[PDB]
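Remarks on the structure that follows.
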Amino acid sequence: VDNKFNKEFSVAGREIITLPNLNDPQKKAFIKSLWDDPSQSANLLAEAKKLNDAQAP
Amino acid sequence: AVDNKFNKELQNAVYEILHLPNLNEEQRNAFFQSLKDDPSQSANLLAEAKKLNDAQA
């Protein structure tokens with residue numbers, strides 16, 4: 001089966017880099033994790049959003 | 001037998017390609033699929049992506 005996780009990578013990664021309160025190394029860490037195991041896209045995006053929401057001004 | 005992982009070059013290319021504001025989703029997916037199949041071509045693919053981003057601004 002082709003899980004189409006290449007497309008899942010693109011959609012989730014674009015969302016991660018538009019989170020305004022994540023710093024540069026945080027975003028890059030998330031992207032690296034997403035690239036390596038796109039099966040975890042939902043877990044990673046949720047962790048990134050919670051962290052972004054928690055780092056709000 | 002050198003093992004070229006391209007860890008840095010690939011992550012740089014992916015991260016820049018995700019920020020290019022004028023690419024469409026289909027274009028991003030095509031670049032990421034090509035990067036995953038041939039990681040040695042990260043520079044050529046990133047340069048093509050930047051050319052499209054500019055031509056679509």
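So basically every Cβ, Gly included, is an ideal-geometry build from the backbone, and we count neighbours across all protein chains shown. Each reported figure results from applying straightforward, stated rules to the coordinates on display, with no laboratory input.
Angle check, please: helix B:25-37 long axis (alpha carbons) against the longest principal axis of chain B (alpha carbons), in degrees 0 to 90, nearest 10.
Value to nearest ten degrees: 10.
Across chain A, how many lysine pairs separated by 8 or more positions, or lying on different chains, have Cα atoms within less than 19 Å?
Counting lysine pairs in chain A gives 10.
Within 10 Å of each Cβ in peptide A:22-30, how many partner chain Cβ atoms are there on average? Round it to a whole number, please.
1
Quickly rank A:3-11, B:36-44 as a protection proxy: mean count of other C-beta atoms within 10 Å, highest first.
By packing density, highest mean first, the sequence is A:3-11, B:36-44.
Let me see the P(r) profile for the protein assembly as shown: every Cα-Cα distance counted, bins of 5 Å, each bin given as a percent of all pairs.
Calculated P(r), rounded to whole percents: 2, 12, 22, 23, 20, 13, 7, 2, 0, 0, 0.
How high is the FRET efficiency between B:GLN33 and A:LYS50 when r is their beta carbon distance and R₀ equals 22 Å, given to the nearest 0.05?
It comes to 0.15.
Between chain A and region B:12-31, what is the C-alpha centre distance in whole Å?
The two parts, judged by their Cα centres, are 14 Å apart.
Please give the helix A:41-54 orientation as an angle from the longest Cα principal axis of chain A, in degrees from 0 to 90, rounded to the nearest 10.
The answer is roughly 0 degrees.
Quick one: P(r) of region B:7-55 from all Cα-Cα pairs, 10 Å bins, percents rounded to integers, in order of increasing distance.
29, 62, 9
So what's the angle, to the nearest 10 degrees on a 0 to 90 scale, between helix A:5-17 and the longest Cα principal axis of chain A?
10
Taking 8 Å as the Cα distance limit and 6 or more residues as the minimum spacing, I'd like the relative contact order of chain A as a percentage.
Relative contact order comes out at 45 percent.
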